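Undergrad: Take a look at this one; I'll ask things after.
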Amino acid sequence: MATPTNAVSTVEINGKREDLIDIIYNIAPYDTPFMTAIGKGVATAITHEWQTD
Amino acid sequence: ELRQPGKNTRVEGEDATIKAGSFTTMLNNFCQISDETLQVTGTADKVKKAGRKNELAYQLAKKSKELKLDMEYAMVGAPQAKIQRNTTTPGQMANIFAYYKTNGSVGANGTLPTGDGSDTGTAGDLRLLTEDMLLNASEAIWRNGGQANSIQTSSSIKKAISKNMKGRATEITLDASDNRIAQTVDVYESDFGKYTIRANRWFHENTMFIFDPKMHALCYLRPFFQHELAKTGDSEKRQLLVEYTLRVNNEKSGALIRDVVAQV
Amino acid sequence: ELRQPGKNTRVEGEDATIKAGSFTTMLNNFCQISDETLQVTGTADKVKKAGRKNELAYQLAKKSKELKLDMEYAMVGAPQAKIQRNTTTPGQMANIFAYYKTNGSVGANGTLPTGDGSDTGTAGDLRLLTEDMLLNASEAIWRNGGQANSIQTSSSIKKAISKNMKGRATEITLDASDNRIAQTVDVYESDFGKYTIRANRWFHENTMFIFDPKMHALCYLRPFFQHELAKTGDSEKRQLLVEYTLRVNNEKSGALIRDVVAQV
Amino acid sequence: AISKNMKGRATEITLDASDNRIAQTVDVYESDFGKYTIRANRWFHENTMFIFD
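For the protein sequence lines, the chains are V, F, B and S, in the order given.
Residues in the first sequence are numbered from 97 upward in steps of one, following our numbering.
Residues in the second sequence are numbered from 248 upward in steps of one, following our numbering.
Residues in the third sequence are numbered from 248 upward in steps of one, following our numbering.
Residues in the fourth sequence are numbered from 459 upward in steps of one, following our numbering.
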């Protein structure tokens with residue numbers, strides 16, 4: 097552990113360009129199985145009604 | 248990452264209200280330097296010996312192999328936390344033991360790492376290895392959207408898994424006419440993933456690691472090289488050096504189970 | 248052999264630190280002589296006999312076969328330690344029982360051999376044969392990098408293995424309508440190795456040997472030969488000689504399990 | 459007696475529940491040291507067994 101006294105090291109010099117990769121890692125899932133399973137339809141009013149027997 | 252869903256009912260004809268977005272997170276790691284030195288006297292290179300023509304090349308090859316093994320051990324041999332380099336103190340690597348904290352498990356009276364790499368937490372009491380740990384880890388990985396497909400662990404845990412696992416079974420039957428006896432378990436399956444189990448000689452004991460190989464990288468600041476030192480007498484000196492760092496893409500894609508004992 | 252990995256963190260730009268290297272290990276073995284003698288009277292070689300024309304060759308063939316059997320027994324029949332020869336003490340070579348001390352196992356109150364070949368240790372109390380013995384031996388062989396593929400043992404141990412081995416299985420099933428009964432276990436396989444089991448007629452009892460054939464040599468100092476002795480009457484004498492030794496390349500490539508019994 | 463209880467190396471001896479045929483006979487015995495075919499002799503002496511070439 098000498099790091100000779102007057103040696104120019106990464107500590108002394110300035111202006112080091114920072115490295116930052118251009119990739120952003122996102123693996124968050126987004127799926128709607130219940131939306132895909134059930135059917136689709138069109139409503140034409142605020143209240144939608146039907147009957148059962 | 249994304250945000251958790253909410254009610255989101257909203258009122259008809261309302262003036263639009265601004266909702267805050269989501270921001271990214273920064274992670275970083277430091278660099279580490281590894282080296283190996285050798286010194287051989289001049290007379291030892293001239294005497295006749297069995298199996299070697301030149302001692303220097305023999306020792307240099309052995310030292311290079313040991314240096315590669317040292318790099319592997321620094322990668323996965325033992326827990327390690329990042330330390331900023333200084334003119335009196337060495338710079339240190341942050342390995343996998345300082346990043347994975349979400350989908351893993353820890354023993355009793357154990358503390359998980361912070362997650363930035365500055366610490367590795369505290370170890371807990373050892374516990375017997377059960378399939379419930381693997382199932383919970385796989386489910387946790389599935390919840391966070393990970394795609395891990397590899398499992399690595401020590402030789403003892405691999406032996407214990409092969410000897411008595413009996414996943415979702417109670418009998419284990421063998422035909423009497425079969426002349427072959429095998430004790431081999433390589434593939435683990437569940438509702439949430441598929442994994443292959445492999446053994447590592449240098450892996451840390453009492454640890455299991457489920458991971459995706461594509462989510463880790465080893466970056467070389469200075470590729471491995473070598474040079475000879477100054478001649479100050481009747482001997483020859485050689486040195487080999489390398490400078491590297493390790494990047495973990497995303498912690499959510501893997502799991503690390505700690506403090507697990509094998510075969511009681 | 249190589250050395251275990253370590254921290255190896257190092258400091259930027261420091262003066263090179265010299266650490267010691269690794270050195271080899273020397274092993275040696277002695278030579279031993281085996282002989283056979285035969286004397287036949289002149290009358291016995293002249294009378295008519297059923298099944299033979301000449302008595303001398305008829306006895307000589309059996310003597311040569313017995314000499315080969317004696318060589319095999321000296322190799323594997325019983326434990327042996329090397330003894331230096333002098334004018335009054337016969338020279339004795341060391342067999343496999345005085346070299347393997349790493350991956351094997353011994354009974355309670357048992358002592359392992361030193362390793363050089365000067366002693367064979369003390370045998371322990373007999374114990375039953377179980378699967379974990381073979382599993383641990385295979386794991387130990389795999390850890391040290393050895394590549395063994397053969398298993399040899401006595402007839403009684405082979406009988407015991409083929410009867411109640413049931414590795415990893417809790418029960419053995421047989422079809423009730425089947426008219427064929429088979430008791431044959433040949434191949435043992437695990438994630439660390441794969442071996443074929445064979446029985447040896449002259450093998451020492453209560454011993455099992457996992458080994459690789461390529462790492463064992465028989466060195467002939469004098470190849471087997473025969474010659475005529477002096478004639479002192481109406482009789483003919485012949486003598487047969489051989490001088491040999493055994494070399495084991497590396498004891499870390501195999502295992503020797505001792506003190507195992509078929510029946511309690 | 460041999461066909462009644464042999465169970466060579468076996469521990470269970472299983473039979474399908476839906477099988478309408480029950481067979482109880484052992485003819486070939488195989489071990490690490492030899493293979494034998496078993497046959498009964500009317501005129502053989504009682505309480506004796508002979509393994510031979």
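Just so it is clear, CB atoms sit at the ideal spot from N, CA and C, and this is done for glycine as well.
DSSP three-state label for B:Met455, please.
TA: In the third sequence, the residue the question calls residue 455 of chain B occupies position 208. Of the three classes helix, strand and coil, the one that applies to B:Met455 here is strand, per DSSP.
Undergrad: Could you check whether the Cβ of F:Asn497 sits closer than 8 Å to any Cβ belonging to chain V?
TA: Here residue 497 of chain F refers to the residue found at position 250 when the second sequence is read from its first residue. Yes, its Cβ sits closer than 8 Å to a Cβ of chain V.
Undergrad: Helix, strand or coil for F:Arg469? Go by DSSP, reduced to three states.
TA: What you label residue 469 of chain F is simply residue 222 of the second sequence in a count that begins at 1. Reduced to three states, the DSSP call for F:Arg469 is strand.
Undergrad: Where do the ends of the beta strand (DSSP E) carrying B:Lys484 lie?
TA: Taking the third sequence and counting its residues from 1, one reaches residue 484 of chain B at position 237. B:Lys484 -> beta strand (DSSP E) spans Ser482 to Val495.
Undergrad: Return helix, strand or coil for F:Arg390, following the three-state DSSP convention.
TA: Mapped onto the second sequence, residue 390 of chain F falls at position 143. Of the three classes helix, strand and coil, the one that applies to F:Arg390 here is helix, per DSSP.
Undergrad: For V:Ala139 and V:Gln147, I'd like the C-alpha separation in whole angstroms.
TA: Translated into positions along the first sequence, residue 139 of chain V becomes position 43. Translated into positions along the first sequence, residue 147 of chain V becomes position 51. Straight-line Cα distance between these residues: approximately 16 Å.
Undergrad: Look at the Cβ atom of F:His451, then the Cβ atom of F:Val495, and state whether they are nearer than 8 Å.
TA: Residue numbering aside, residue 451 of chain F sits at position 204 when the second sequence is read from its first letter. Residue numbering aside, residue 495 of chain F sits at position 248 when the second sequence is read from its first letter. Contact: no.
Undergrad: Using DSSP bridges, identify the partner residues of F:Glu283.
TA: Position 36 of the second sequence holds residue 283 of chain F. Per DSSP, F:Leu487.
Undergrad: F:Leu249: buried (16+ other C-beta within 10 angstroms of its C-beta) or exposed?
TA: Along the second sequence, read from residue 1 onward, the residue named residue 249 of chain F stands at position 2. F:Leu249 comes out exposed.
Undergrad: Taking only three categories from DSSP, how would you classify B:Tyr320?
TA: Against the third sequence, residue 320 of chain B aligns to sequence position 73. It is helical.
Undergrad: If you draw a straight line from the alpha carbon of F:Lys329 to that of F:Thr420, how long is it in whole angstroms?
TA: Position 82 of the second sequence holds residue 329 of chain F. Position 173 of the second sequence holds residue 420 of chain F. Looking at the two C-alpha atoms, the distance is approximately 50 Å.
Undergrad: Between which residues of its own chain and B:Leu285 is the CB-CB distance below 6 Å, once the five residues before and five after are set aside?
TA: If you number the third sequence from 1, residue 285 of chain B lands on position 38. So the qualifying residues of the chain are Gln306, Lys310 and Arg485.
Undergrad: Tell me, please, whether the CB atom of B:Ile398 is closer than 8 Å to any CB atom in chain S?
TA: What you label residue 398 of chain B is simply residue 151 of the third sequence in a count that begins at 1. No - not a single Cβ of chain S is within 8 Å of the one on B:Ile398.
Undergrad: Can you name the start and end residues of the beta strand (DSSP E) that B:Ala502 belongs to?
TA: Walking along the third sequence from the start, residue 502 of chain B turns up at place 255. Where B:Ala502 is concerned, the enclosing beta strand (DSSP E) stretches over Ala502 to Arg505.
Undergrad: Given this structure, state the Cα-to-Cα distance separating F:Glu436 from B:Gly371, to the nearest angstrom.
TA: Here residue 436 of chain F is taken as the residue at index 189 of the second sequence, counted from 1. Here residue 371 of chain B is taken as the residue at index 124 of the third sequence, counted from 1. In a straight line, the C-alpha of F:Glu436 is about 44 Å away from that of B:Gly371.
Undergrad: Going straight from the alpha carbon of F:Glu483 to that of F:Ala308, what length do you get?
TA: Along the second sequence, read from residue 1 onward, the residue named residue 483 of chain F stands at position 236. Along the second sequence, read from residue 1 onward, the residue named residue 308 of chain F stands at position 61. If I take the Cα positions, the gap works out to 16 Å.
Undergrad: Exposed or buried, F:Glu313, counting other C-beta atoms within 10 Å across all chains shown (16 or more means buried)?
TA: Working through the second sequence from its first residue, we reach residue 313 of chain F at position 66. That one is buried.
Undergrad: Once DSSP output is grouped into helix, strand and coil, what is the label at B:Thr290?
TA: Start at 1 with the first residue of the third sequence, and residue 290 of chain B comes out as number 43. Three-state DSSP puts B:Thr290 in a helix.
Undergrad: I'd like to know if V:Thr99 contacts chain B, where contact means its C-beta is closer than 8 Å to some C-beta of that chain.
TA: Counting from one through the first sequence, the residue named residue 99 of chain V turns up at place 3. Chain B contact via Cβ: present.
Undergrad: Return yes when the Cβ of B:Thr367 is within less than 8 Å of the Cβ of B:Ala384, no when it is not.
TA: Within the third sequence, numbered from 1, the residue matching residue 384 of chain B stands at position 137. Within the third sequence, numbered from 1, the residue matching residue 367 of chain B stands at position 120. No, Cβ-Cβ distance for B:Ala384 and B:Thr367 is not below 8 Å.
Undergrad: Are the beta-carbon atoms of F:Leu476 and F:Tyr491 separated by less than 8 Å?
TA: Counting from 1 along the second sequence, the entry for residue 476 of chain F is found at position 229. Counting from 1 along the second sequence, the entry for residue 491 of chain F is found at position 244. No, these two residues do not count as a Cβ contact at 8 Å.
Undergrad: Note down the Cα distance separating B:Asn276 from B:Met455, rounded to an integer number of angstroms.
TA: Position 29 of the third sequence holds residue 276 of chain B. Position 208 of the third sequence holds residue 455 of chain B. Answer to the nearest angstrom: the Cα atoms are 23 Å apart.
Undergrad: Which residues share a DSSP beta bridge with B:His474?
TA: By 1-based counting over the third sequence, the position of residue 474 of chain B is 227. Its beta-bridge partners are B:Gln486.
Undergrad: With respect to the beta strand (DSSP E) encompassing F:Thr443, which residues constitute its N-terminal and C-terminal limits?
TA: As a position in the second sequence, residue 443 of chain F is number 196, starting the count at 1. Per DSSP, F:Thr443 belongs to the beta strand (DSSP E) from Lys441 to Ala446.
Undergrad: Just list the residues that DSSP pairs B:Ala464 with in beta bridges.
TA: One-based indexing of the third sequence puts residue 464 of chain B at position 217. Note: B:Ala464 sits in a beta bridge opposite B:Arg494.
Undergrad: Of all the residues that make up the segment 432 to 463 of chain B, which are near chain F by a beta-carbon distance shorter than 8 Å?
TA: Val432, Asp433, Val434, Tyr435, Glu436, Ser437, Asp438 and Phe439
Undergrad: Between the Cα of B:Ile444 and the Cα atoms of B:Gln251, B:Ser403 and B:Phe270, which residue gives the shortest distance?
TA: Residue 444 of chain B sits at position 197 when you count from the first residue of the third sequence. With distances taken between Cα atoms, B:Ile444 lies closest to B:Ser403.
Undergrad: Using beta carbons (cut-off 8 Å, strictly below), is B:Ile419 in contact with chain S?
TA: Stepping through the third sequence from its first residue, residue 419 of chain B is reached at position 172. By this cut-off, B:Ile419 is an interface position.
Undergrad: Check whether the segment 288 to 301 of chain B touches the segment 256 to 265 of chain B, taking contact to mean three or more Cβ pairs, one atom from each stretch, closer than 8 Å.
TA: no
Undergrad: Rounded to the nearest angstrom, how far is the Cβ of B:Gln510 from that of S:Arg467, given a contact under 8 Å?
TA: In the third sequence, counting from the first residue as 1, residue 510 of chain B sits at position 263. In the fourth sequence, counting from the first residue as 1, residue 467 of chain S sits at position 9. Actually they do not touch by this definition, with Cβ atoms about 16 Å apart.
Undergrad: State the start and end residues of the unbroken alpha helix (DSSP H) segment that holds B:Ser403.
TA: To locate residue 403 of chain B, count along the third sequence from 1; it is residue 156. Per DSSP, B:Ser403 belongs to the alpha helix (DSSP H) from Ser402 to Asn411.
Undergrad: Would you say F:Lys254 touches the ligand FAD, meaning its beta carbon is less than 7 Å from a heavy atom?
TA: Within the structure as shown, the ligand FAD is missing, as the structure has no ligands at all.
Undergrad: Closest Cβ-Cβ distance between V:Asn110 and chain F: below 8 Å?
TA: The residue given as residue 110 of chain V occupies position 14 in the first sequence. Not an interface residue.
Undergrad: What residue range does the beta strand (DSSP E) around F:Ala345 cover?
TA: Within the second sequence, the letter at position 98 stands for residue 345 of chain F. Here F:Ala345 belongs to no beta strand (DSSP E), and DSSP marks it neither H nor E.
Undergrad: Please state whether the Cβ-Cβ distance between B:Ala502 and B:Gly354 is less than 8 Å.
TA: As a first step, residue 502 of chain B must be located in the third sequence, where it is residue number 255. As a first step, residue 354 of chain B must be located in the third sequence, where it is residue number 107. Result no, Cβ atoms of B:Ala502 and B:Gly354 do not sit closer than 8 Å.
Undergrad: Please determine, among F:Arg390, F:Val323 and F:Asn333, the residue with the shortest C-alpha to C-alpha distance to V:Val107.
TA: Taking the first sequence and counting its residues from 1, the one referred to as residue 107 of chain V is at position 11. Of the candidates F:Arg390, F:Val323 and F:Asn333, F:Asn333 places its Cα closest to the Cα of V:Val107.
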